[PDB]
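First, one chain by itself: the form deposited without the named molecule, in structure tokens.
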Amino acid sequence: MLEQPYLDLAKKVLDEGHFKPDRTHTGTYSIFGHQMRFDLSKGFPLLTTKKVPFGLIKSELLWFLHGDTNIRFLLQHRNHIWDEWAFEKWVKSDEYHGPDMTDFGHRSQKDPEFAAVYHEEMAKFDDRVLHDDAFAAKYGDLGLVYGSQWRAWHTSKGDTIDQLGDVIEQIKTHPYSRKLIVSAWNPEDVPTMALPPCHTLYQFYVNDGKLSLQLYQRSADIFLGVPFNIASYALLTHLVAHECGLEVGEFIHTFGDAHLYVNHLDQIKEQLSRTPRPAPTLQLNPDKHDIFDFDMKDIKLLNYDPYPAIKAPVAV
């Protein structure tokens, strides 16, 4: 089945992943260097052996495509995937005067009541960003996140480069170019960042009128991370193909440190006992072609029939 490569990665890490301690002191089982491919002509690689929220995937991707860096957009779509990042700044600001939120991420993980005051402050923060424009401009803007890296790479000369916009043009004028590359890694910024890009670099490739894309992910959470990562980039591959009038080829996913956190083993084992169902089909707006001017309604997933979702503790 289409998603089999993912299940095969989960197995391999269980069988031969060496224990390797990580920064979160949680513990992991990892392997270095792995690659899997998905034939996008066979279907959309959104897992069926477990329910994945495609809505969070499409919204976040469009957010990236717009060159947006402000969370406000996301909250407007109920997408909270990045809140933790903006909320941190607020908490550590001189304007922040409320309950000490030190190590709130896992502190909430170890306190039902702390998580109460914490989920309270968070709910407030999200409200301000949603309504108070000046507050949003100050705390809702992540700054250095995929959107600016893809669409507004700051140059020494003081300008900004639209990597993605330029590459799409190159695909339209030199499809056989061996350097349709977009980077998210900037040695200048990487040192001072909290979490340097996990999706370090990706490359397009065209042949026989088909578009393929290879992604280099330096670090990966097999259980919680990967199911999403696959959907984000397979979707990007479709959008760019659509915009360039090409057929879709395959999404090649290359890994650096693929890992399983020790606290996801029972969950991963369970999923492995499930049998993949046919993959869903993706459908994009035929009339509209400028992918940068796309919105939710322009992308629809069909025939997605997953198994129930699988809950598991995030490693914080």
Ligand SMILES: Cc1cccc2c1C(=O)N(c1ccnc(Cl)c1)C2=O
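Heads up: residue numbers just count along the shown sequence, starting at 1.
The same protein also exists as the form solved in complex with the named molecule; that form is not shown, yet it is the one meant from here on.
With the partner omitted from this view, the residue of 169, 159, 84, 127 that lies near the named molecule in the bound PDB entry is 84 [heavy atom within 4.5 Å]. The contact residue chosen from 224, 152, 136, 201 relative to the named molecule in the bound PDB entry is 224, the criterion being a non-hydrogen atom within 4.5 angstroms.
Among heavy atoms of residue 250, none comes within 4.5 Å of the named molecule in the bound PDB entry. For residue 123, no non-hydrogen atom is located within 4.5 Å of the named molecule in the bound PDB entry, even though that partner is not displayed. Among heavy atoms of residue 195, some come within 4.5 Å of the named molecule in the bound PDB entry. In the bound PDB entry, residue 228 approaches the named molecule with a heavy atom inside 4.5 Å. Contact annotation: the named molecule lies within 4.5 Å of heavy atoms from the stretch 74-82 in the bound PDB entry, the single such stretch among 160-168, 242-250, 206-214, 74-82.
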